[PDB]
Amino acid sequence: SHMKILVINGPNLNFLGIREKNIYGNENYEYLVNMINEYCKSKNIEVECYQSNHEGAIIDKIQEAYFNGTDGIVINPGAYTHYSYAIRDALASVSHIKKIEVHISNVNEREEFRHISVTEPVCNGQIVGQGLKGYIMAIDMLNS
């Protein structure tokens, strides 16, 4: 491992592929985790993929990254993107971990509330509406 990355997916993203196929595509959460894992293996990057529906469990996981040698975070906060100032403050508290925000869907084409990101101002980049390949694009930003 030249680099250690944590990928966080927020609430509901464990239901990728099996539900709302017209918004987030046909490929499921297991596909996404395995695609990430295999890409990172090919680049000699150590990766952990983590998902939770709990705001507090996401914060706890971000705090643990401060103590375990994490270099970078890829995060899709899901619906928490649009209101969780607590997750924003958790990201700000790990100022020397690089962070990339990812959204699968084109959020600017959906409900007005999805246009707001309270997390983006404390991150180091954002990828929107590129589908599951947005996670690979984020890893490459971290690895560059």
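Don't overthink the numbering: it's just position in the shown sequence, from 1.
Q: Decide which of the stretches 23-31 and 79-87 has the higher mean C-alpha B-factor, going by the entry.
A: It is 23-31.
Q: If you average the Cα B factors in the entry, which is higher, 122-130 or 6-14?
A: Averaged over C-alpha atoms, the B-factors run higher in 122-130.
Q: What third of the chain, by the recorded C-alpha B-factor, contains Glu55?
A: Its C-alpha B-factor, which the entry lists for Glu55, ranks in the lowest third among residues of this chain.
Q: Based on the deposited C-alpha B factors for this chain, I'd like to know if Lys61 is in the lowest, middle or highest third.
A: According to the entry, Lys61 has a C-alpha B-factor in the chain's lowest third.
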